[PDB]
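# Structural overview
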There are 2 protein chains.
Amino acid sequence: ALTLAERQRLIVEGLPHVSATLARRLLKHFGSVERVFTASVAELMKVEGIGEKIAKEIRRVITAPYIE
Amino acid sequence: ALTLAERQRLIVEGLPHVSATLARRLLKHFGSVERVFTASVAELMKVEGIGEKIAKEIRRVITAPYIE
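Determination of this PDB entry was carried out by X-ray crystallography to a resolution of 1.45 Å, according to the record.

Counting its secondary structure elements, chain A contains five helices and zero strands. Reading chain A from its N terminus to its C terminus gives the helix and strand order α-α-α-α-α. Against the 2.2 N^0.38 benchmark of 11 Å for 68 residues, chain A shows a C-alpha radius of gyration of 12 Å, consistent with a compact globule. For chain A, the spread of C-alpha atoms along the three principal axes comes to 35 × 35 × 20 Å. In chain A, which comprises 68 residues, the proportion classed as buried is 49%. The long-range share in chain A, meaning contacts at least 24 apart out of those at least 6 apart in sequence, stands at 27%. About 3,500 Å² of surface is accessible on chain A, with carbon and sulfur atoms providing 51% of the total. In chain A, 11 positive and 8 negative side-chain charges are present, and the distance between their average locations comes to 3 Å.

Our next topic: the relation of the copies chain B and chain A. What relates the two chain copies is a rotation about an axis together with a slide along it. You can overlay chain B on chain A at an RMSD of 0.5 Å; the transform is a turn of 179 degrees with a shift of 0.1 Å along its axis. Viewed as a symmetry operation, the transformation between the two copies matches a two-fold axis. The C-alpha atom lying nearest the rotation axis in chain B is that of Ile11 of chain B; the distance is 2.7 Å.

Below, the discussion takes up the interface of chain B and chain A. Taken together, the 29 residues of chain B in the interface contact 28 residues of chain A. The closest approach of N and O atoms between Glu34 of chain B and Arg59 of chain A, which form a salt bridge, is 3.0 Å. Linking chain B with chain A are 14 residue pairs in polar contact. Broken down by secondary-structure element, the contributors of at least two residues to the side of chain B that touches chain A are α1 (4–12), α2 (20–30), α3 (33–38) and α5 (52–63) of chain B.

The subject of this paragraph is the packing of α1 of chain B against α2 of chain B. Each pair of packed helices can be described by the angle between their axes along with the distance between the axes. All names here are of chain B. It is the contact of α1 with α2, at a shortest axis distance of 9 Å, that shows an interaxial angle of 110 degrees. Taken together, the axes of α1 and α2 lie roughly perpendicular to each other. In this structure, α1 meets α2 at a crossing whose hand is right-handed. Side by side, α1 and α2 meet where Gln8, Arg9 and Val12 of the first sit next to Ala23, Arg24, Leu26 and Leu27 of the second.

This part covers the nonpolar core. Core analysis: the largest hydrophobic core is formed by 46 residues, its most contacted members being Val12, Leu26 and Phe37 of chain A together with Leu26 and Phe37 of chain B. Those residues in contact with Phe37 of chain A that sit more than four places away from it in its chain are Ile11, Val12, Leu15, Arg59 and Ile62 of chain A together with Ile11, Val33, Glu34 and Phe37 of chain B.

Next up on the list: unusual backbone geometry. Positive phi outside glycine occurs at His17 of chain A, with the angle close to 75 degrees. With respect to the helices, strands and loops of the structure, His17 of chain A is situated in the loop between α1 (4–12) and α2 (20–30).

Parameters at a glance
- Residues numbered from 1 in each chain as written, not as in the entry; some residues may be left out.
- Chains lettered and ligands numbered in written order.
- Heavy atoms only, no water.
- Helix = DSSP H or I, 4+ residues; strand = E, 2+ residues; numbered from the N terminus.
- Rg over C-alpha atoms; globule rule 2.2 N^0.38 Å.
- Buried < 20%, exposed > 50% of the residue type's maximum accessible area, 1.4 Å probe, protein only.
- Contact = heavy atoms within 4.5 Å.
- Areas by Shrake-Rupley, 256 points an atom, 1.4 Å probe, with all protein chains shown as cover.
- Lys, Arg positive; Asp, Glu negative; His and termini not counted.
- Charge placed at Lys NZ, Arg CZ, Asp CG, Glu CD.
- Least-squares fit on C-alpha atoms.
- Salt bridge = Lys/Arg side-chain N within 4 Å of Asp/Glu carboxyl O.
- Polar contact = N/O pair within 3.5 Å; in protein donor to acceptor, adjacent residues only side chain to side chain.
- Axes fitted to C-alpha atoms, helices over the stretch in contact; angles between N-to-C directions.
- Parallel < 35°, antiparallel > 145°, perpendicular 65-115°, else oblique.
- Left-handed = near helix turned anticlockwise from the far one by under 90°.
- Core = buried A, V, L, I, M, F, W, Y, C linked by side-chain atoms within 4.5 Å.

And the structure:
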């Protein structure tokens, strides 16, 4: 079954523009799934591979209302 | 390309013991991925379908430090 680390990576990989490599980088940078998902645009931009465009697309998915 | 809603569900479905059905319930209740990911165990339990066991498991995965 999924190890904790694998599950953490798969959750973060659900973000747009985020590959396995960027997911690992994000998790190592911020330290937990919660911290990756609460990081501001400016904080995300400090991560290699993430510019203003990607940072905002990531924040959009995280902060957008869920509409069915 | 995944739609915003599909991605939101995908991310939440990455949580332990959370099916597509429960993912939708969580998103409809909290409104956004960020709110689901910052909800305390007690808050997660307000969702019908989320018991103590599941809530604790969800929170553990979300807040656990990332280590390989």
